[PDB]
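See structure below.
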Amino acid sequence: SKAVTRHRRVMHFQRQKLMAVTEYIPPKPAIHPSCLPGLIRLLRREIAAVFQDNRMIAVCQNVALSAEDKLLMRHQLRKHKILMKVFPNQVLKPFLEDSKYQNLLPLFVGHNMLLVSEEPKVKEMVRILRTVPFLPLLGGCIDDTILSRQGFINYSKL
Amino acid sequence: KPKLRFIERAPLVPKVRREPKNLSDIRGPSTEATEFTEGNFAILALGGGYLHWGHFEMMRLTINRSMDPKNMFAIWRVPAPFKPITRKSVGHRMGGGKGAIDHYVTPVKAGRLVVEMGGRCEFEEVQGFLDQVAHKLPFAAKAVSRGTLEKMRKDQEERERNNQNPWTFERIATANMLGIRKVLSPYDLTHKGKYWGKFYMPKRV
Amino acid sequence: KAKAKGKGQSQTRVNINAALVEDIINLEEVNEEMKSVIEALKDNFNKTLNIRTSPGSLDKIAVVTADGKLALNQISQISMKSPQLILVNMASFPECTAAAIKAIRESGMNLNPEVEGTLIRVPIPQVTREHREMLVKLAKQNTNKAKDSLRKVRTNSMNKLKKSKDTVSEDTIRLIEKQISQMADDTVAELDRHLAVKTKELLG
RNA sequence: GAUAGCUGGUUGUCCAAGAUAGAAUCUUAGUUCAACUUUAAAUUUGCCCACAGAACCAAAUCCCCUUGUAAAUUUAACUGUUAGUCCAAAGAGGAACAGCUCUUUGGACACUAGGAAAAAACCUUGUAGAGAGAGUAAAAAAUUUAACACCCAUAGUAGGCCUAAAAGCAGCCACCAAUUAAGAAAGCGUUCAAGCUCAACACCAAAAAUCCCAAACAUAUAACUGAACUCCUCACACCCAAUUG
RNA sequence: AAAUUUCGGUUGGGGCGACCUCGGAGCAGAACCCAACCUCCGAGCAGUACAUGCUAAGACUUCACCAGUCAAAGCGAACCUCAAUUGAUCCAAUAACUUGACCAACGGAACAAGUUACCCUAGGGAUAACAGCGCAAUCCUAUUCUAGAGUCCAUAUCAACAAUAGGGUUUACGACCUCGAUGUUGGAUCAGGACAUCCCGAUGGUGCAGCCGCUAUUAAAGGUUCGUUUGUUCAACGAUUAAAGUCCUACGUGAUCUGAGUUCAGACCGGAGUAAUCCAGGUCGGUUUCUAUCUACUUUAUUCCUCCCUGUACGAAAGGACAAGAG
Ligand SMILES: [Mg+2]
Ligand SMILES: [Mg+2]
Ligand SMILES: [Mg+2]
Ligand SMILES: [Mg+2]
Ligand SMILES: [Mg+2]
Ligand SMILES: [Mg+2]
Ligand SMILES: [Mg+2]
Ligand SMILES: [Mg+2]
Ligand SMILES: [Mg+2]
Ligand SMILES: [Mg+2]
Ligand SMILES: [Mg+2]
Ligand SMILES: [Mg+2]
Ligand SMILES: [Mg+2]
Ligand SMILES: [Mg+2]
Ligand SMILES: [Mg+2]
Ligand SMILES: [Mg+2]
Ligand SMILES: [Mg+2]
Ligand SMILES: [Mg+2]
Ligand SMILES: [Mg+2]
Ligand SMILES: [Mg+2]
Ligand SMILES: [Mg+2]
Ligand SMILES: [Mg+2]
Ligand SMILES: [Mg+2]
Ligand SMILES: [Mg+2]
Ligand SMILES: [Mg+2]
Ligand SMILES: [Mg+2]
Ligand SMILES: [Mg+2]
Ligand SMILES: [Mg+2]
Ligand SMILES: [Mg+2]
Ligand SMILES: [Mg+2]
């Protein structure tokens, strides 16, 4: 047959033997290493600023609210002077443990919409939270002091 | 004009001299342009063969179909048909002169580029029709780019330099260890043990 | 049930050999004559007489009016009213309407248009099997005439081949004869297909 | 007893040497020359040879001292070969097919021995006998690609040109930016809008006709078995077609 | 009208077509070397002297021979270019230097034609027609990216340009044993096997409201009609059942049969051919042997129609089913 062919011509016996003996032999790792050993700065700065300006910050579990529900909540929070906040937890846990807030460490986890504030909002917030059929207020945080919803409503009564 | 120019067979000067079909134009590495030029991606030919006018037409169609006319551009890397392939009439006794001209073809060697690409586009945006055309070609092809080409070349060099096998192909061919040159070809000594007619052995050293 | 002998071989023999085609004899001329006969038969079929529905079909020829040709579906918004009545809405051209009426009256459909200035009515009650059989027989006669024309063409080709047979290889002569026979068979098959299509259009 | 480039055959033992580039021919089924081969003899250089030497339009090749050797030229004879096949490479025509037709370099087959199953041509190996001896050359096919990181949706709005219409995908433009934090829209479906996803954020390869074809085991220490090849006791002329001595 | 003779060679079987001598380019790339029914370019010559005279050491040499090529000098006067470019013996003219070939079948008989199916003989599968064998140019079957259709809708379905795998069933291609014989197609009895499955069994999808439909997989245990013509399997047509499927069997089976013709001798029709004879042109008819030696063999559930289901489910109406039992 001709030299070049469309199919794979069968190599000679000696040719095949030489091709098989001259095969590639990769190394053999005796141990194999498989079984051997920016924006984050802005996030940290913002979290520090919030911690420094958290005269009356609250925490909730807003997740079941739709986009229109969130817009209505923002409108209600704009009616009476108070703002909302939403930050991550991975970057907040280190600052949480560094700020001597041990009681707040196991609180922040998963979803949680913070509500920073400065002016008194003891009744308007309670009404805005009661208007919906949910009570996700898992203990807020005023002047860095542990307090449950009972203490919050008690202070509200005063 | 970011589009493959129209290809047509039968050049303006059809050679009348029936040249003999030479197989040396397919064997060996691509002595012609191998590296890129004014581009970034290409179709590395991992095996010798031929290319007909229909192949070029289908390639041009597939390229013009999926291609941005304002973000990419391709240039032909293979000349026009010229090699005369004389085919006798199907049904005649052996002999009686040589057959007449039938169609022209452009030979191609291993490691030869066919079509190139350019622009500020990633390799993945091309990968589609790149590998498509590669599988369409009548020989072993594969999508290759500058970075990937350099990577595979460095990998082959490392494999050749770290081959634990104390015996290699050239060391046995050139030196003629056990007189195996009787079976080997004179071109194998010049090239490596990766070629065989037209195919290519990328896995072998 | 194969009956598939060598034909691509003859096609390749005809395509490759150029000197023979230039000398013995004129494949281009033979193909042109065959295509001309086929076109003549197609015209005799689609121009004699047939219940061609759709106004677009009748849209063919009309006498030149005001130094300007015209047809049915060109300027009028025709709309099929019913299989037994057709509507017409010319573009304000009484002369063109009269020209179209005159051209249609000379047709073989035996029509009696009722023109009313710009509106035309060409009703057709129904057609029986007598006219269909007559048209089928006429198509068969036309096919026989085309077959006779192809016979004459092949006889002339064979006479030429015989005149050029002495100083020519008998094998090439036999191959050319077989190629001509295959071409004639293909032409006869095409004619039979056209006749079957016409019969289906007439009856179907 | 015709002739006949033609079919058939051409009688005992044993030893040795013994395969051809081509040309002419009313010629390629036949003949001659040349070349190969055989016998007896006179002569001395025969082969790989090392620096070098050997053309303008790649493997290579010629001469080649020391060096291994003992082979080479001629004279006088004359029969026999002068249709080859396969393998690796350069090829030539054919389909970059054929146990397809023809050359160049090497090997094998026409000559036995051990294997690849039964094999001419593939791997190893030749001087010929015995022994119920030992050591070796070639020598046993391997191998099963497909999920996937599947949490979750405000709006300046239907931006402008044509589009009676495409607003986000009949066609072109820039593609900003408010949502706390992200597409003038990457797909799907709409004549057209309506609806469903995504980019991002919060833990996240097989089929042909008599019937498939050597039993058969993944887990006791790398080395064994394996010639007419080498050695061991004796003496050795006692394994080629045609031809010759 | 009698007497003698021949009908040259190559042809990837023979004729036909073309060729028969020589030089060059690549094959044959670097001493020589090699093949043309491999692709090309040229020549049977062309222009001035007539020392293009007479002699002779040594060499090359188309792979042999015959035939060809260079040449120190010696005598005689001096103060050729080109690449093939051609012609042997005998014989003839010639007082004698000298000359005589499209002998091109060109290493060259002195001159010789056509047919044999009326043929004979020595041989050849060195070399053919049927097979077997190998290839797969041609075709079919499956897959791969989707090009394009299919009303939105590539992938229900069709499917271009290409590649990857299986076929030797069609046309050839090669002549490897079978021309000191393998008896040539259909049609009769008999059928063996394979599924790329026409139907009886079971599924997925569908442009599935049901039947009628389409596609892909398994299942070969079974079935696969009656006739009119042309010798032809093939080739057209009438009526059936759920179906009148493909392929190999030396175009399955002539030591079971058949002669319709395919290979024969005679004749006729038109043609080729001055004539004999031939159209691979058309038909009139054309002896079909075998006494069995051997191997082997010679006895075990399928469908259709009908009845309650009937006009049911399904719509808008037409239309129209599933299973089971029974005759
Ligand atoms: Mg005798
Ligand atoms: Mg003879
Ligand atoms: Mg004999
Ligand atoms: Mg005797
Ligand atoms: Mg001997
Ligand atoms: Mg002669
Ligand atoms: Mg041969
Ligand atoms: Mg032998
Ligand atoms: Mg020995
Ligand atoms: Mg001959
Ligand atoms: Mg010589
Ligand atoms: Mg001199
Ligand atoms: Mg000569
Ligand atoms: Mg002569
Ligand atoms: Mg003679
Ligand atoms: Mg007769
Ligand atoms: Mg045969
Ligand atoms: Mg479309
Ligand atoms: Mg043979
Ligand atoms: Mg025979
Ligand atoms: Mg015989
Ligand atoms: Mg016999
Ligand atoms: Mg099946
Ligand atoms: Mg048979
Ligand atoms: Mg029999
Ligand atoms: Mg008679
Ligand atoms: Mg008469
Ligand atoms: Mg009998
Ligand atoms: Mg008996
Ligand atoms: Mg017996």
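Lettering and numbering for the structure tokens are positional, with chains as A, B, ... in the shown order, residues counted from 1 in each chain, and ligands counted from 1 in the shown order.
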**Asked** Which chain B residues are at most 8 Å from chain D (counting only C-alpha atoms (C1' of nucleotides)), as a count of residues only?
**Response** 11
Contact residues (chain A, partner chain D, 8 Å, only C-alpha atoms (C1' of nucleotides)) as an mmCIF file with N, CA, C and O atoms, in the first residue's frame:
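Writing done, so here's out-v8.cif:
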```
data_model
loop_
_atom_site.group_PDB
_atom_site.id
_atom_site.type_symbol
_atom_site.label_atom_id
_atom_site.label_comp_id
_atom_site.auth_asym_id
_atom_site.auth_seq_id
_atom_site.Cartn_x
_atom_site.Cartn_y
_atom_site.Cartn_z
ATOM 1 N N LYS A 2 0.256 2.388 -0.337
ATOM 2 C CA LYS A 2 0.977 3.649 -0.360
ATOM 3 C C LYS A 2 1.422 4.033 1.050
ATOM 4 O O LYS A 2 0.992 3.455 2.052
ATOM 5 N N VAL A 4 1.077 7.161 2.750
ATOM 6 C CA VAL A 4 -0.009 7.834 3.453
ATOM 7 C C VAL A 4 -1.331 7.213 3.024
ATOM 8 O O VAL A 4 -1.552 6.941 1.838
ATOM 9 N N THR A 5 -2.215 6.989 3.994
ATOM 10 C CA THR A 5 -3.521 6.404 3.733
ATOM 11 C C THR A 5 -4.565 7.115 4.581
ATOM 12 O O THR A 5 -4.255 7.714 5.614
ATOM 13 N N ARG A 6 -5.818 7.039 4.128
ATOM 14 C CA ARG A 6 -6.908 7.677 4.860
ATOM 15 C C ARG A 6 -7.085 7.049 6.237
ATOM 16 O O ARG A 6 -7.345 7.753 7.220
ATOM 17 N N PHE A 13 5.615 -5.078 13.386
ATOM 18 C CA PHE A 13 5.778 -5.661 14.715
ATOM 19 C C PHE A 13 6.884 -4.953 15.488
ATOM 20 O O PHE A 13 6.689 -4.539 16.637
ATOM 21 N N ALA A 67 -41.302 42.994 47.744
ATOM 22 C CA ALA A 67 -40.684 44.268 47.389
ATOM 23 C C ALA A 67 -41.603 45.434 47.730
ATOM 24 O O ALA A 67 -41.157 46.443 48.291
ATOM 25 N N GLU A 68 -42.890 45.316 47.399
ATOM 26 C CA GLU A 68 -43.844 46.359 47.762
ATOM 27 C C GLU A 68 -43.960 46.486 49.276
ATOM 28 O O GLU A 68 -44.116 47.594 49.804
ATOM 29 N N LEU A 71 -41.007 48.432 50.401
ATOM 30 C CA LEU A 71 -41.196 49.841 50.066
ATOM 31 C C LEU A 71 -42.148 50.515 51.047
ATOM 32 O O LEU A 71 -41.915 51.653 51.470
ATOM 33 N N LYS A 85 -31.211 49.501 57.780
ATOM 34 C CA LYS A 85 -29.884 49.069 57.369
ATOM 35 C C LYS A 85 -29.906 47.580 57.059
ATOM 36 O O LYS A 85 -30.689 46.820 57.635
ATOM 37 N N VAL A 86 -29.033 47.172 56.139
ATOM 38 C CA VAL A 86 -28.900 45.771 55.757
ATOM 39 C C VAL A 86 -27.444 45.498 55.407
ATOM 40 O O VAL A 86 -26.964 45.908 54.344
ATOM 41 N N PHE A 87 -26.737 44.809 56.291
ATOM 42 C CA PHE A 87 -25.328 44.498 56.118
ATOM 43 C C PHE A 87 -25.119 42.998 56.224
ATOM 44 O O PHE A 87 -25.978 42.277 56.743
ATOM 45 N N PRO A 88 -23.986 42.492 55.739
ATOM 46 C CA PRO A 88 -23.724 41.050 55.831
ATOM 47 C C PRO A 88 -23.426 40.632 57.262
ATOM 48 O O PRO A 88 -23.339 41.446 58.184
ATOM 49 N N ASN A 89 -23.269 39.319 57.437
ATOM 50 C CA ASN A 89 -22.935 38.736 58.730
ATOM 51 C C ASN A 89 -21.496 38.255 58.824
ATOM 52 O O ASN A 89 -20.923 38.282 59.914
ATOM 53 N N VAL A 109 -27.358 35.984 62.616
ATOM 54 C CA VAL A 109 -27.136 34.761 61.853
ATOM 55 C C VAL A 109 -28.227 34.634 60.798
ATOM 56 O O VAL A 109 -29.414 34.814 61.090
ATOM 57 N N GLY A 110 -27.832 34.326 59.566
ATOM 58 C CA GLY A 110 -28.782 34.182 58.481
ATOM 59 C C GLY A 110 -29.267 35.512 57.943
ATOM 60 O O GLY A 110 -28.477 36.305 57.423
ATOM 61 N N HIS A 111 -30.568 35.765 58.062
ATOM 62 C CA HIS A 111 -31.181 36.994 57.579
ATOM 63 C C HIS A 111 -31.535 37.892 58.756
ATOM 64 O O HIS A 111 -32.003 37.415 59.796
ATOM 65 N N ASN A 112 -31.311 39.194 58.588
ATOM 66 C CA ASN A 112 -31.615 40.163 59.633
ATOM 67 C C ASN A 112 -31.441 41.584 59.112
ATOM 68 O O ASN A 112 -30.333 41.984 58.736
#
```
**Prompt:** Any idea what's packed within 12 Å of residue D:35, counting only C-alpha atoms (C1' of nucleotides), ignoring anything in its chain fewer than 4 positions away? Could you give it as a VMD selection string?
**Reply:** (chain D and resid 20 to 23 81 to 82) or (chain E and resid 63 to 64)
Just to be explicit: take each residue in the selection above, keep N, CA, C and O atoms (P, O5', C5', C4', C3', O3' and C1' of nucleotides), and write the result as a PDB file, in the first residue's frame.
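The file below, out_27.pdb, is the result:
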```
ATOM      1  P     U D  20      21.379 -12.794  -7.785  1.00  0.00           P
ATOM      2  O5'   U D  20      21.375 -12.012  -9.173  1.00  0.00           O
ATOM      3  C5'   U D  20      22.475 -12.107 -10.066  1.00  0.00           C
ATOM      4  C4'   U D  20      22.017 -12.218 -11.499  1.00  0.00           C
ATOM      5  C3'   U D  20      21.032 -11.159 -11.969  1.00  0.00           C
ATOM      6  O3'   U D  20      21.660  -9.941 -12.334  1.00  0.00           O
ATOM      7  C1'   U D  20      20.260 -13.294 -12.621  1.00  0.00           C
ATOM      8  P     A D  21      21.237  -8.563 -11.624  1.00  0.00           P
ATOM      9  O5'   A D  21      20.028  -8.022 -12.509  1.00  0.00           O
ATOM     10  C5'   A D  21      19.190  -6.978 -12.033  1.00  0.00           C
ATOM     11  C4'   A D  21      19.580  -5.642 -12.613  1.00  0.00           C
ATOM     12  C3'   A D  21      19.117  -5.363 -14.035  1.00  0.00           C
ATOM     13  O3'   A D  21      17.769  -4.932 -14.111  1.00  0.00           O
ATOM     14  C1'   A D  21      21.402  -4.819 -13.842  1.00  0.00           C
ATOM     15  P     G D  22      16.795  -5.515 -15.249  1.00  0.00           P
ATOM     16  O5'   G D  22      17.457  -5.032 -16.616  1.00  0.00           O
ATOM     17  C5'   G D  22      17.657  -3.652 -16.882  1.00  0.00           C
ATOM     18  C4'   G D  22      18.597  -3.438 -18.042  1.00  0.00           C
ATOM     19  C3'   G D  22      18.047  -3.768 -19.423  1.00  0.00           C
ATOM     20  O3'   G D  22      17.245  -2.733 -19.965  1.00  0.00           O
ATOM     21  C1'   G D  22      20.189  -4.732 -19.182  1.00  0.00           C
ATOM     22  P     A D  23      16.230  -3.047 -21.171  1.00  0.00           P
ATOM     23  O5'   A D  23      17.183  -3.327 -22.417  1.00  0.00           O
ATOM     24  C5'   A D  23      17.966  -2.288 -22.986  1.00  0.00           C
ATOM     25  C4'   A D  23      18.829  -2.796 -24.115  1.00  0.00           C
ATOM     26  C3'   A D  23      18.093  -3.464 -25.266  1.00  0.00           C
ATOM     27  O3'   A D  23      17.542  -2.535 -26.182  1.00  0.00           O
ATOM     28  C1'   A D  23      19.924  -4.808 -24.621  1.00  0.00           C
ATOM     29  P     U D  81      18.085 -22.795 -17.802  1.00  0.00           P
ATOM     30  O5'   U D  81      18.207 -21.519 -16.857  1.00  0.00           O
ATOM     31  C5'   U D  81      17.731 -21.557 -15.520  1.00  0.00           C
ATOM     32  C4'   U D  81      18.027 -20.274 -14.783  1.00  0.00           C
ATOM     33  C3'   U D  81      17.484 -18.999 -15.409  1.00  0.00           C
ATOM     34  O3'   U D  81      16.109 -18.782 -15.141  1.00  0.00           O
ATOM     35  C1'   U D  81      19.738 -18.669 -14.794  1.00  0.00           C
ATOM     36  P     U D  82      15.124 -18.299 -16.315  1.00  0.00           P
ATOM     37  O5'   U D  82      15.728 -16.898 -16.779  1.00  0.00           O
ATOM     38  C5'   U D  82      15.773 -15.793 -15.889  1.00  0.00           C
ATOM     39  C4'   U D  82      16.361 -14.568 -16.547  1.00  0.00           C
ATOM     40  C3'   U D  82      15.632 -14.053 -17.780  1.00  0.00           C
ATOM     41  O3'   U D  82      14.497 -13.268 -17.464  1.00  0.00           O
ATOM     42  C1'   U D  82      17.953 -14.139 -18.215  1.00  0.00           C
TER      43        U D  82
ATOM     44  P     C E  63      21.570   0.455 -23.930  1.00  0.00           P
ATOM     45  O5'   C E  63      21.639  -0.426 -22.603  1.00  0.00           O
ATOM     46  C5'   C E  63      22.578  -1.489 -22.474  1.00  0.00           C
ATOM     47  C4'   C E  63      23.904  -1.005 -21.941  1.00  0.00           C
ATOM     48  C3'   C E  63      24.945  -2.096 -21.702  1.00  0.00           C
ATOM     49  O3'   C E  63      26.250  -1.591 -21.982  1.00  0.00           O
ATOM     50  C1'   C E  63      24.492  -0.984 -19.668  1.00  0.00           C
ATOM     51  P     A E  64      26.901  -1.799 -23.436  1.00  0.00           P
ATOM     52  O5'   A E  64      26.859  -3.376 -23.654  1.00  0.00           O
ATOM     53  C5'   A E  64      27.719  -4.236 -22.921  1.00  0.00           C
ATOM     54  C4'   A E  64      27.840  -5.584 -23.584  1.00  0.00           C
ATOM     55  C3'   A E  64      28.274  -5.570 -25.041  1.00  0.00           C
ATOM     56  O3'   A E  64      29.679  -5.460 -25.192  1.00  0.00           O
ATOM     57  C1'   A E  64      26.406  -7.006 -24.778  1.00  0.00           C
TER      58        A E  64
END
```
**Item:** Test item: residues at most 10 Å from stretch 237-252 of chain E, only C-alpha atoms (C1' of nucleotides), excluding those fewer than 2 positions along its chain, as an MDAnalysis selection string
**Value:** (chainID C and resid 1) or (chainID D and resid 208:210) or (chainID E and resid 130:132 169 182 185 191:200 223:229 233 303:304)
Can you write out as a Markdown table which residues of chain B fall within 6 Å of chain E, alongside each residue's closest atom pair and its distance in Å to one decimal, counting only C-alpha atoms (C1' of nucleotides) and ordering rows by chain and ascending residue number?
```
| residue | atom | partner | partner_atom | distance |
| --- | --- | --- | --- | --- |
| B:18 | CA | E:39 | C1' | 5.5 |
| B:58 | CA | E:161 | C1' | 5.9 |
| B:91 | CA | E:172 | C1' | 5.6 |
| B:94 | CA | E:12 | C1' | 5.6 |
| B:95 | CA | E:37 | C1' | 5.9 |
| B:96 | CA | E:37 | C1' | 4.5 |
| B:97 | CA | E:37 | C1' | 5.7 |
| B:132 | CA | E:145 | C1' | 5.3 |
| B:136 | CA | E:162 | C1' | 6.0 |
```
**Request:** Show which residues sit within 7 Å of stretch 49-61 of chain C, as a list in words. Count only C-alpha atoms (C1' of nucleotides), and ignore same-chain residues fewer than 3 positions away.
**Result:** residues 71, 72, 73, 108 and 109 of chain C
**Asked** DSSP on the backbone: what in stretch 47-172 of chain C comes out helix (DSSP H, G or I), as a VMD selection string?
**Response** chain C and resid 47 55 to 58 94 to 105 129 to 163 170 to 172
**Request:** Kindly work out which residues sit at most 10 Å from ligand 29, using only C-alpha atoms (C1' of nucleotides) and all ligand atoms, and give the list as an MDAnalysis selection string.
**Result:** chainID E and resid 292:294
Quick one: write out the picked residues with N, CA and C atoms (P, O5', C5', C4', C3', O3' and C1' of nucleotides) as a PDB file, in the first residue's frame?
```pdb
ATOM      1  P     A E 292     -27.375 -47.369  -9.085  1.00  0.00           P
ATOM      2  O5'   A E 292     -26.119 -46.678  -8.390  1.00  0.00           O
ATOM      3  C5'   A E 292     -24.947 -47.426  -8.081  1.00  0.00           C
ATOM      4  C4'   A E 292     -24.265 -46.905  -6.840  1.00  0.00           C
ATOM      5  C3'   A E 292     -25.019 -47.151  -5.536  1.00  0.00           C
ATOM      6  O3'   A E 292     -24.093 -47.350  -4.468  1.00  0.00           O
ATOM      7  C1'   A E 292     -24.787 -44.824  -5.882  1.00  0.00           C
ATOM      8  P     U E 293     -23.708 -48.839  -3.999  1.00  0.00           P
ATOM      9  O5'   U E 293     -22.162 -48.738  -3.625  1.00  0.00           O
ATOM     10  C5'   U E 293     -21.195 -48.421  -4.614  1.00  0.00           C
ATOM     11  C4'   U E 293     -19.947 -47.836  -4.003  1.00  0.00           C
ATOM     12  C3'   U E 293     -20.161 -46.957  -2.778  1.00  0.00           C
ATOM     13  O3'   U E 293     -20.273 -47.705  -1.579  1.00  0.00           O
ATOM     14  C1'   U E 293     -18.770 -45.828  -4.314  1.00  0.00           C
ATOM     15  P     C E 294     -21.186 -47.174  -0.367  1.00  0.00           P
ATOM     16  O5'   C E 294     -20.310 -46.024   0.302  1.00  0.00           O
ATOM     17  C5'   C E 294     -19.005 -46.292   0.796  1.00  0.00           C
ATOM     18  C4'   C E 294     -18.265 -45.017   1.114  1.00  0.00           C
ATOM     19  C3'   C E 294     -18.945 -44.084   2.105  1.00  0.00           C
ATOM     20  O3'   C E 294     -18.732 -44.454   3.455  1.00  0.00           O
ATOM     21  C1'   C E 294     -18.254 -42.845   0.222  1.00  0.00           C
TER      22        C E 294
END
```
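Residues in contact with ligand 27 (atom pairs separated by at most 12 Å; only C-alpha atoms (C1' of nucleotides) and all ligand atoms) are residues 268, 269 and 270 of chain E.
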Produce a file of the selected residues containing N, CA and C atoms (P, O5', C5', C4', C3', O3' and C1' of nucleotides), as a PDB file, in the first residue's frame.
```pdb
ATOM      1  P     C E 268     -31.834 -16.557 -47.730  1.00  0.00           P
ATOM      2  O5'   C E 268     -32.926 -15.629 -47.036  1.00  0.00           O
ATOM      3  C5'   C E 268     -34.302 -15.774 -47.351  1.00  0.00           C
ATOM      4  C4'   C E 268     -35.183 -15.036 -46.374  1.00  0.00           C
ATOM      5  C3'   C E 268     -34.937 -13.543 -46.237  1.00  0.00           C
ATOM      6  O3'   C E 268     -35.506 -12.782 -47.288  1.00  0.00           O
ATOM      7  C1'   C E 268     -35.157 -14.504 -44.092  1.00  0.00           C
ATOM      8  P     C E 269     -34.785 -11.434 -47.787  1.00  0.00           P
ATOM      9  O5'   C E 269     -35.087 -10.382 -46.628  1.00  0.00           O
ATOM     10  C5'   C E 269     -36.401  -9.888 -46.421  1.00  0.00           C
ATOM     11  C4'   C E 269     -36.474  -8.960 -45.235  1.00  0.00           C
ATOM     12  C3'   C E 269     -35.495  -7.796 -45.227  1.00  0.00           C
ATOM     13  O3'   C E 269     -35.903  -6.720 -46.056  1.00  0.00           O
ATOM     14  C1'   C E 269     -35.520  -8.820 -43.098  1.00  0.00           C
ATOM     15  P     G E 270     -34.912  -6.139 -47.181  1.00  0.00           P
ATOM     16  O5'   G E 270     -34.006  -5.090 -46.396  1.00  0.00           O
ATOM     17  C5'   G E 270     -34.488  -3.787 -46.104  1.00  0.00           C
ATOM     18  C4'   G E 270     -33.577  -3.056 -45.148  1.00  0.00           C
ATOM     19  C3'   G E 270     -32.112  -2.971 -45.548  1.00  0.00           C
ATOM     20  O3'   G E 270     -31.843  -1.951 -46.493  1.00  0.00           O
ATOM     21  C1'   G E 270     -32.264  -3.647 -43.296  1.00  0.00           C
TER      22        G E 270
END
```
**Request:** Throw together the list of residues within 9 Å of ligand 16, counting only C-alpha atoms (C1' of nucleotides) and all ligand atoms, and drop it here as number ranges by chain.
**Result:** E: 117, 264-267
Take the selection from the previous step and output its residues with N, CA and C atoms (P, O5', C5', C4', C3', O3' and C1' of nucleotides), as a PDB file, in the first residue's frame.
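Wrote selection-v1.pdb, looks like this:
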```pdb
ATOM      1  P     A E 117     -15.274 -19.845 -36.600  1.00  0.00           P
ATOM      2  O5'   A E 117     -16.512 -20.826 -36.392  1.00  0.00           O
ATOM      3  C5'   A E 117     -17.650 -20.418 -35.641  1.00  0.00           C
ATOM      4  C4'   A E 117     -18.919 -20.503 -36.451  1.00  0.00           C
ATOM      5  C3'   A E 117     -18.932 -19.655 -37.718  1.00  0.00           C
ATOM      6  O3'   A E 117     -19.701 -20.299 -38.736  1.00  0.00           O
ATOM      7  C1'   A E 117     -20.641 -18.915 -36.256  1.00  0.00           C
ATOM      8  P     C E 264     -25.015 -18.495 -30.671  1.00  0.00           P
ATOM      9  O5'   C E 264     -24.757 -19.561 -31.827  1.00  0.00           O
ATOM     10  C5'   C E 264     -24.602 -20.941 -31.526  1.00  0.00           C
ATOM     11  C4'   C E 264     -23.594 -21.594 -32.437  1.00  0.00           C
ATOM     12  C3'   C E 264     -24.092 -21.971 -33.825  1.00  0.00           C
ATOM     13  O3'   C E 264     -24.102 -20.878 -34.726  1.00  0.00           O
ATOM     14  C1'   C E 264     -22.913 -23.794 -32.888  1.00  0.00           C
ATOM     15  P     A E 265     -24.821 -21.018 -36.155  1.00  0.00           P
ATOM     16  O5'   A E 265     -23.751 -21.786 -37.050  1.00  0.00           O
ATOM     17  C5'   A E 265     -24.000 -22.035 -38.425  1.00  0.00           C
ATOM     18  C4'   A E 265     -23.511 -23.401 -38.839  1.00  0.00           C
ATOM     19  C3'   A E 265     -24.217 -24.025 -40.034  1.00  0.00           C
ATOM     20  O3'   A E 265     -23.711 -23.564 -41.276  1.00  0.00           O
ATOM     21  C1'   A E 265     -24.052 -25.614 -38.283  1.00  0.00           C
ATOM     22  P     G E 266     -24.417 -22.341 -42.045  1.00  0.00           P
ATOM     23  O5'   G E 266     -25.870 -22.888 -42.399  1.00  0.00           O
ATOM     24  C5'   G E 266     -26.078 -23.748 -43.509  1.00  0.00           C
ATOM     25  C4'   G E 266     -27.530 -23.780 -43.914  1.00  0.00           C
ATOM     26  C3'   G E 266     -28.162 -22.433 -44.231  1.00  0.00           C
ATOM     27  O3'   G E 266     -27.878 -21.969 -45.539  1.00  0.00           O
ATOM     28  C1'   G E 266     -29.567 -23.612 -42.759  1.00  0.00           C
ATOM     29  P     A E 267     -27.852 -20.390 -45.841  1.00  0.00           P
ATOM     30  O5'   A E 267     -29.370 -19.939 -45.664  1.00  0.00           O
ATOM     31  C5'   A E 267     -30.391 -20.500 -46.476  1.00  0.00           C
ATOM     32  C4'   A E 267     -31.765 -20.058 -46.039  1.00  0.00           C
ATOM     33  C3'   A E 267     -32.026 -18.560 -46.049  1.00  0.00           C
ATOM     34  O3'   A E 267     -32.293 -18.048 -47.343  1.00  0.00           O
ATOM     35  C1'   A E 267     -32.826 -19.478 -44.029  1.00  0.00           C
TER      36        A E 267
END
```
